Amino acid sequence: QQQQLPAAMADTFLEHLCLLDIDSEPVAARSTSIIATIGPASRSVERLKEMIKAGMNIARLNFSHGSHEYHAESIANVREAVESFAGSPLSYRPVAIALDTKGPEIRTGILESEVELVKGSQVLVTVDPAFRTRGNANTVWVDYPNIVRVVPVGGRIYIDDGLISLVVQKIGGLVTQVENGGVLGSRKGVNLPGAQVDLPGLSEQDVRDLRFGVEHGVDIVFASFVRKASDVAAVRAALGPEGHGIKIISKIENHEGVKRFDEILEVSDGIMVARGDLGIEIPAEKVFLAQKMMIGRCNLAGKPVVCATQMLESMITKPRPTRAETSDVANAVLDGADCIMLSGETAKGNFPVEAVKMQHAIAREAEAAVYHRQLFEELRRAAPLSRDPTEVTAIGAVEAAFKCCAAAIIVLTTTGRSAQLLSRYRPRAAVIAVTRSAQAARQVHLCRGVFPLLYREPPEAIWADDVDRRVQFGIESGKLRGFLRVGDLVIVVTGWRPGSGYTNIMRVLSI
Amino acid sequence: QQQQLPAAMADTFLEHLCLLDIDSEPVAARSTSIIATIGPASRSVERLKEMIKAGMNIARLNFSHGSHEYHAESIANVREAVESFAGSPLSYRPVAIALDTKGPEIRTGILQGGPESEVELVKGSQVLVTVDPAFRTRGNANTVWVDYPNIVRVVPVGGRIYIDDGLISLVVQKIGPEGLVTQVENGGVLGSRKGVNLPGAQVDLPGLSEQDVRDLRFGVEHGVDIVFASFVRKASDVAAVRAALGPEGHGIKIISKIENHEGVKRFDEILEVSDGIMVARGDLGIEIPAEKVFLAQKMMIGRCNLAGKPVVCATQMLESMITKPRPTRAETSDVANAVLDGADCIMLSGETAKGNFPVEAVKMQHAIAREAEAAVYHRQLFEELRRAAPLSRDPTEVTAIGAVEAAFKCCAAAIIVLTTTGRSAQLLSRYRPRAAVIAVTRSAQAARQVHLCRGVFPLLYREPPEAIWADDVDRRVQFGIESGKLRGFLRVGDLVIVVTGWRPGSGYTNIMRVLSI
Amino acid sequence: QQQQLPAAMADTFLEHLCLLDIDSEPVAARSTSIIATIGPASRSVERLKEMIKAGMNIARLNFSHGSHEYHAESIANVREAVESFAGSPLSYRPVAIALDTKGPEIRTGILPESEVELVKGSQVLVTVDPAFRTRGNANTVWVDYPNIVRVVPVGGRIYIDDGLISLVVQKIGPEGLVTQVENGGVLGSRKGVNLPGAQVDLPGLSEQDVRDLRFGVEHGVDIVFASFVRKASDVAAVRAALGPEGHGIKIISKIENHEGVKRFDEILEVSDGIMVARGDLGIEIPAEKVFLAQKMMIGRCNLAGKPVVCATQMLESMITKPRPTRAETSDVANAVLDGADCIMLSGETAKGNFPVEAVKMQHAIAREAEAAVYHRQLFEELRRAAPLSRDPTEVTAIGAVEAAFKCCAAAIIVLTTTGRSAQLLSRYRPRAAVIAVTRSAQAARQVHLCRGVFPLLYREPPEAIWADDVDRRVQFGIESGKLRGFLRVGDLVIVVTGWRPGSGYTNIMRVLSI
Ligand SMILES: O=C(c1ccc(NS(=O)(=O)c2cccc3cccnc23)cc1)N1CCN(CC2CC2)CC1
Ligand SMILES: O=P(O)(O)OC[C@H]1O[C@](O)(COP(=O)(O)O)[C@@H](O)[C@@H]1O
Ligand SMILES: O=P(O)(O)OC[C@H]1O[C@](O)(COP(=O)(O)O)[C@@H](O)[C@@H]1O
Ligand SMILES: O=P(O)(O)OC[C@H]1O[C@](O)(COP(=O)(O)O)[C@@H](O)[C@@H]1O
Ligand SMILES: [Mg+2]
Ligand SMILES: [Mg+2]
Ligand SMILES: [Mg+2]
């Protein structure tokens, strides 16, 4: 038997693990979405076509660098590559565009010149506007005046990707001692571990970039350095009434964010575990604790969570990943991540397509290895009772799919919500979501197991005929894509009237 | 909060028990069907109307006694009482009729003194069990004749022989050509033609008696809904019952009564070929040690729960109420624990057939069952039935498990299902939803027969089909809604799950819908 | 094959039930203690010897009726029967004596054995006029509780004589409550009255109760079943009446009415244990609800690690018949499965025609039911519900129960002075018998309240070296278990002892082969 089915009906998690079989081949479609970061290695139209075919679902624009015109041509190239497949609607794969904000930052001043900060020496952190350019071996200027007031005596300041460490010995600027020394250049990043950083939820650059995103029709914003619900409120307000339909994924990057996670998740559409900056702000050996916690809570809430950063790092230069990297991707999927991410592996590396292919393969294997027995039971016990017919129908459809080992659940959705409520219970069966909304077809990639199909045909005269035509579009797209076959059982989820919010019908159909 | 919902949301079985509340009042309709035995105390049309109103769901005809004409008048009176309520279709309660077979028997002989004569079997004395036809009418204090010759090859030295409902006990001292020389372990007064039980013995009786063949044909001829097959030891016994019912009685449900050691040990084989099971604790407690009966009961109900087939707990549940208006604490406990064990139906025998408080007995079983149904620990029960039920490609069963899951998700007041044969309602009942399973059907026999499944409330729809089939489906769903509203089980604002099919005819159930009332 | 072990290794409760086997024979000794009510049918020394051999562990004296001299005679006869077996120390069975208090009551008036019939469907006047005190008849009942006329509305029910007679109030007036007989019957003089759903205010201890508790202390009873406990103050009154000399007496609070059920937690907190007194309870609350109350209280008692008693009408038909009904066997078995530490017989042993047979039947059923316990889920839930502890006795106890489960130990042998180490073992419900060796005669009797504790009274003076005396007591437990059939050569046993003499220092678990 395939799909790790021999291990699926185990009575314990230990027995489940013991029964996993490297000869049990994955048969279902890949459910964990792949976010690929755009850069020189992944900007050309032909390369992006290759990456779409490889399995890329979300194109990420890192607004930490690059002009507005650079990102506009990035969007143009991505959209050209995506729409080259629009001529075959039954095979067209929607691809989302995500804007990753530069975010609030603390930077040192200008001293290609560099100076050495020696361990055991005294170094003054100053915010005097006069020191913008006068950096020294014992003097560091920062563009964050209120730094003087948020890092106590005994507090630490991290400079240049955590390579340099300073400990405040005396306050009043902040007189520090070099704990970990090194060579410092100009305008390097500063992190304040354990501190309440008092920067606004959005920088001015962030405001301009978000207006750019709205004007260019991006689907998702990965909001950097989110520490509280008010940061998400600021992002949402800057997006304005024009960007209300855009999904906001809050990036948790520092201690405050992790500790205030509940209030952040409550006001966000989803979460990104930004392990890079997190491993600068908190001890590296603790990052996994953060990851599994956040993923766990996101799974409970039914909201997407993205595991990010250095998943396949070695593939920046070599054609095959390390054993730790394959393990990390598989374990992110097993933790419960809806999406996995590649950064330098696709933006600048020498094997972007190969890295996408690797994440696809690992994710498929790991999704097949999920212990649906206990996972479903715990999601059932923790999700609160609900009188909303969409959620009632969703849990009934997932239960039915598990009962008959359905090849898929085909759901009609306008906004994506019905597919997301199906996915929150983590069915083994693919959730094929037929929609006329192009933006929803792109945004549902954030939810594990949702396979978007964009319907283009004009509405039929009789709504019931239109519903059935969309259902058959789901069937024929699944058949052509090889995931659906004659004789299979499927679960079909629809609603009793037109418009979003009225899903209330579950059907069992044979092909 | 009501319906024992605080105990329903418990994380462990112990906490569930700790959270039960005598002030939490039950809200769902009573789901465990009540079988009442018809007799002198419960034969008049008016009495039967009272018993229907009190909650009787199945009228049981005990063919151990009574002529064909007696049982025909019993059937006519039950049907008159049932149909007196037909004038209000939204409140009409179907009532099933079950034929309980006499079954194969072993009987003693007629005593020498004559029909109205008695002889004393003295504890500690020698008694010859003989099958010589010359002693047929030669019964005395030291010799008992039986109409079952092979007794001499099924009771070895050390075996027990029970006479008159277990009142007399014998242990075989030696075996020989004259018969079994035994000594009286339990003595007593013996009459003529008394019943014999052979505990632990492999009995060779046919599985269906000749009078049984005839009585089953009376059943088919009078349209009985269910047969309680007595003394089933074999798949072959129930197969013989099935053959005797013939092609004309193919729609009649066969409930096999397990009454001795063989049946309990052979249980799976009987269950495989039967529509359901009766735990016949009366004869069982003579055939096996009384202190073991509960084991058999919990085993059998369990397996029936596993198989999705009805199981009936039977006999002496409210025994003291044959003479008293209130039951003993053990009796109420027994009814409640029969519900908790997982029984679909409970039974009354002497309590309704001959007792002085038949209607009150029905009312007490109703009250207790309602409390106990509220006390079910649905979390673990549903999870275990899910884990034990095999995967299925039958759309009716897939729809059933999805509908029950949904009903649990929204605390649905009911699951409304359209069914022709009852099968869709039974597949819902097998997963034991807290929500009532309201089954709308045009089949009067199916409306009667679905009472065997816990939680199925049958409604007989009578209006001819609408011109458009979908309009007819919607009209039957609305009929279910209005019946539930009038009967107090549904109110405005409730959620219900609606289970339908994609085309007319039995076997095409595949649709579940979430609707607000 | 046996002790229902095939069902013991089940993965679900449903599968556990499916795996039960009537051919799987119980092998362990009977762990649920049996309380027998003493009466005319069970007062002679010879009869009591029969009942001890049948399995009686606790003798209950019902002080609702009978003089002090009568109960003294009961005590003397029970003790004579018990000590007649002391000549074989390896087989001697301790037996506890429990005093069941009369409790506060509401009673009808005096009509000696004159009787009147209250006919169903007739009119009956319930009066509290002191002029009608002695004028009871077929249409008039006087009651010694004046406020009855103010707490029973129209439609309210009044039960008379252990619930045998039922009246429903039709009209209320200055003369009293005009009622209709709902359930009729024969009424004697001064019969008990119950007011279901009424808020009745009665003293927590009567004067007769104080004297009866003094009698109990003076005669060395081990347990008091305190009747009609509704709040912690009632058990405090019982404890105070027992006085400084009766500090060692165990208080089992009888829950018999609505208030007791609602205030259960506070009562259990101050009590040694609980009796689900289903007789009065089933009159005080609706009959169809008693099982809820029962399963709740037993559950909480199991949660608390305190003994709980299931009582009344368990084998009622055996008052007149030599065999019980199927419901009665079911009731005993399900009381054991619910988690009761003790089961009880009342009229079945006090006045019925088959007292020894009732004891034997409860013994057989209890053995069968104990084998059918689903220890996997039961142990896991008790472990997760029991608090973490730094007390070495409780730590050792849970370790020893885990060990016994791991090797299917035939017994856990424990040395105990007060019974506490045995009780902490019992709280985790081992399949293995907890064999408790003690020098305390009173503790040997009292530990019968704890399921699975088999008390052995050690009589030999201490050995010179304390470790030798410990080893000798352990070997005494072993040899008693061998002679009584609970232990065989090749069995494994868990042995629980302490590092120094005196109660409270249990801290050692050892694995031994027989
Ligand atoms: O009180 C009960 C009891 C009995 C039946 C009952 N029924 S139930 O519907 O709630 C139910 C739930 C969980 C699994 C089940 C499996 C098959 C049937 N019914 C089940 C719920 C509770 N006990 C069962 C036997 N113990 C004994 C053993 C643990 C020590 C405890 C008592
Ligand atoms: O998941 P959403 O956004 O609530 O969309 C579900 C909706 O889709 C439908 O199935 C189809 O609606 P449309 O015809 O408007 O596309 C509705 O019946 C249902 O309410
Ligand atoms: O429970 P059963 O006997 O399979 O009946 C279920 C059937 O009832 C229906 O809902 C109604 O069918 P009818 O119109 O033929 O009565 C069918 O769609 C479905 O197949
Ligand atoms: O259960 P209890 O009352 O604490 O008794 C346990 C005690 O029994 C013993 O095993 C034996 O003590 P003694 O020698 O004083 O009887 C002690 O080591 C232990 O503290
Ligand atoms: Mg950052
Ligand atoms: Mg029979
Ligand atoms: Mg009492």
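Residues numbered from 1 in each chain as written, not as in the entry; some residues may be left out. Chains lettered and ligands numbered in written order. Part of a larger assembly, values for the part shown. Heavy atoms only, no water. Residues with missing side-chain atoms left out of burial classes, pairs and counts.

This entry lists X-ray crystallography as its structure determination method and reports a resolution of 2.10 Å.

Colleague: How would you summarise the sheet that holds strand β18 (residues 433–438) of chain C if you had to cite specific residues and measurements?
Modeller: All names here are of chain C. One open sheet holds the five strands; their spatial order is β19-β18-β17-β20-β21, and the pairing between them is mixed. Sheet topology places β19 (453–457) and β21 (506–513) at the edges, where each strand pairs with a single neighbour. Direction aside, neighbouring strands of the sheet carry axes that sit 20 degrees apart on average. Contacts from helix α16 (residues 392–407) reach β17 (411–415), β20 (492–498) and β21, with the element oriented near 20 degrees to β21. (Pairing = 2+ DSSP bridges. Helix = DSSP H or I, 4+ residues; strand = E, 2+ residues; numbered from the N terminus. Axes fitted to C-alpha atoms, helices over the stretch in contact; angles between N-to-C directions. Contact = heavy atoms within 4.5 Å.)

Colleague: Break down the interface of chain C and chain B for me, citing the residues and quoting the values.
Modeller: Counting from both sides, the interface comprises 59 residues of chain C and, opposite them, 62 residues of chain B. In total, chain C and chain B occlude about 5,300 Å² of area from one another, counting both sides; carbon and sulfur atoms represent 63% of this. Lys262 of chain C is paired through a salt bridge with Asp21 of chain B; the nearest N and O atoms lie 3.8 Å apart. Where chain C packs against chain B, one counts 27 residue pairs in polar contact. (Buried area = accessible area lost by both parts, 1.4 Å probe. Salt bridge = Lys/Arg side-chain N within 4 Å of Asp/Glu carboxyl O. Polar contact = N/O pair within 3.5 Å; in protein donor to acceptor, adjacent residues only side chain to side chain.)

Colleague: Describe the interface of chain B and chain A, and please don't skip the residues or the numbers.
Modeller: Taken together, the 33 residues of chain B in the interface contact 35 residues of chain A. If you sort the residues of chain B by the area they bury against chain A, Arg393, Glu405 and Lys409 of chain B come out on top, with a joint share of 25%. Put simply, chain B and chain A have five salt bridges between them. In this structure, the salt-bridge partner of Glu391 of chain A is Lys409 of chain B, at a minimum N-O distance of 3.3 Å. Across the chain B-chain A interface, the total number found is 16 residue pairs in polar contact. Every element with two or more residues in the side of chain B that touches chain A is listed here: α15 (378–388), α16 (395–410), β20 (495–501) and β21 (509–516) of chain B. The leading source of residues in the side of chain B that touches chain A is α16 of chain B, at 11 residues. Counted by class, the side of chain B that touches chain A contains 18 nonpolar, five polar and 10 charged residues. (Nonpolar A, V, L, I, M, F, W, Y, C, P; charged D, E, K, R; others polar.)

Colleague: Before we move on, could you go through the coordination of the magnesium ion (ligand 7) and cite the residues and values that matter?
Modeller: Residues and elements named next belong to chain C. Protein coordination at the magnesium ion (ligand 7) comes from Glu256 (OE) and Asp280 (OD), with a distance range of 2.2 to 2.3 Å. Taken together, the residues span a long stretch of sequence, with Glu256 in the loop between β13 (250–255) and α8 (258–262) and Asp280 in helix α10 (residues 278–284) at a distance of 24 residues. The exposure class assigned to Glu256 is buried, which follows from its relative accessible area of 5%. (Donors = N, O, S within 2.8 Å, 3.2 Å for Na, K, Ca; no water. Buried < 20%, exposed > 50% of the residue type's maximum accessible area, 1.4 Å probe, protein only.)

Colleague: A description of the site of ligand 4 should follow, citing residues and the corresponding values.
Modeller: Residues and elements named next belong to chain C. Lining the immediate surroundings of ligand 4 are 16 residues, of which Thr416, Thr418, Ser421, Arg473 and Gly502 lie closest. Note that an oxygen atom of ligand 4 is positioned 2.9 Å from one of the backbone N or O atoms of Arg500. Across the complex, the protein chains shield 91% of the 480 Å² of accessible surface that ligand 4 would expose by itself. Counting residues per element, the ones that place at least two in the shell around ligand 4 are α17 (420–426) and α19 (466–483). (Near = heavy atom within 4 Å. Areas by Shrake-Rupley, 256 points an atom, 1.4 Å probe, with all protein chains shown as cover.)

Colleague: Tell me about the site of ligand 2, and name the residues and values.
Modeller: Residues and elements named next belong to chain A. Contacts to ligand 2 come from 16 residues, most closely from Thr413, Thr415, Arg470, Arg497 and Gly499. A distance of 2.8 Å separates an oxygen atom of ligand 2 from a polar backbone atom of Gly501. In the complex, the protein chains occlude 92% of the 480 Å² of accessible area that ligand 2 would expose alone. Elements with a minimum of two residues in the shell around ligand 2: α17 (417–423) and α19 (463–480).

Colleague: Any details on the state of the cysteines? Residues and values, ideally.
Modeller: Across all of its chains, the model carries zero disulfides over all chains by this definition. Between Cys298 of chain A, a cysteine without a disulfide, and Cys339 of chain A, which holds the nearest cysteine sulfur, the sulfur-to-sulfur distance is 11 Å. In this structure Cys408 of chain C is a free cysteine whose sulfur lies 6.9 Å from that of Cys407 of chain C, the closest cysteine sulfur available. A relative accessible area of 55% means that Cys408 of chain C is categorised as exposed. (Disulfide = S-S within 2.5 Å.)

Colleague: Describe the UniProt feature "binding site: Mn(2+)" in chain B, and please don't skip the residues or the numbers.
Modeller: Residue and element names in this part refer to chain B. Mapped onto this structure's residue numbering, the UniProt feature "binding site: Mn(2+)" falls at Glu259 and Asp283. Judged by maximum C-alpha separation, these annotated positions cover 25 residues in sequence but sit close together in space, the widest gap being only 5.4 Å. In this fold, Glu259 is placed in the loop between β13 (253–258) and α8 (261–265). Taking relative accessible area as the criterion, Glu259 reaches 5% and is therefore assigned buried. (UniProt positions renumbered as here; feature names shortened; annotations may be inferred.)

Colleague: Describe the coordination of the magnesium ion (ligand 6), naming the residues involved and giving the relevant values.
Modeller: Residues and elements named next belong to chain B. Within the protein, the atoms that donate to the magnesium ion (ligand 6) are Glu259 (OE) and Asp283 (OD), at distances of 2.0 to 2.3 Å. Placement of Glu259 in the loop between β13 and α8 and of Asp283 in helix α10 (residues 281–287) is noted, with a sequence separation of 24 residues between them. By relative accessible area, which is 31% here, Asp283 ends up partly exposed.

Colleague: Describe in detail the nonpolar core, supporting the description with residues and values.
Modeller: With 153 residues, the main nonpolar core has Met56, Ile277 and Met300 of chain B together with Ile274 and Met297 of chain C as its most contacted residues. Every residue in contact with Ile277 of chain B, bar those within four places of it in the chain, is listed here: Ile255, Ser256, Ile258, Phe267, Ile270, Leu271, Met300, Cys304, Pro310, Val311 and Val312 of chain B. The next biggest cluster of nonpolar side chains, apart from the first, holds 67 residues, and it includes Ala59, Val232, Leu265 and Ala355 of chain A. (Core = buried A, V, L, I, M, F, W, Y, C linked by side-chain atoms within 4.5 Å.)

Colleague: Run through the sheet that holds strand β14 (residues 273–277) of chain C, naming residues and quoting values.
Modeller: All names here are of chain C. Pairing is parallel in the closed barrel, where eight strands are placed in the order β1-β2-β3-β12-β13-β14-β15-β16. Neighbour to neighbour, the strand axes of the sheet diverge by 25 degrees on average, direction disregarded. Along the sheet, helix α7 (residues 232–242) contacts β12 (223–226) and β13; its crossing angle with β13, the most-contacted strand, is approximately 145 degrees.

Colleague: For the packing of helix α3 (residues 45–54) of chain C against helix α4 (residues 68–83) of chain C, give the residues involved together with the corresponding values.
Modeller: Residue and element names in this part refer to chain C. α4 packs onto α3 with a crossing angle of 55 degrees between their chain directions and a minimal axis gap of 8 Å. Considered as vectors, α3 and α4 are oriented oblique to each other. For the element pair α3 and α4, the recorded crossing hand is right-handed. Residue-level inspection shows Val45, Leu48, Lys49 and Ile52 of α3 in contact with α4, the latter providing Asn77, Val78, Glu80, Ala81 and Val82. Classifying every residue of the contact of α3 with α4 gives six nonpolar, one polar and two charged. (Parallel < 35°, antiparallel > 145°, perpendicular 65-115°, else oblique. Left-handed = near helix turned anticlockwise from the far one by under 90°.)

Colleague: Hey, could you go over the UniProt feature "binding site: K(+)" in chain C for me, with residue numbers and the actual values?
Modeller: Residues and elements named next belong to chain C. Annotation from UniProt places "binding site: K(+)" at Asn62, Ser64, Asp100 and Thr101. Taken along the chain, the residues just named run across 40 residues; in space they keep tight, none of their C-alpha pairs more than 7.8 Å apart. On the secondary structure map, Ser64 appears in the loop between β2 (58–62) and α4. Assessed through its relative accessible area of 17%, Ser64 is described here as buried.

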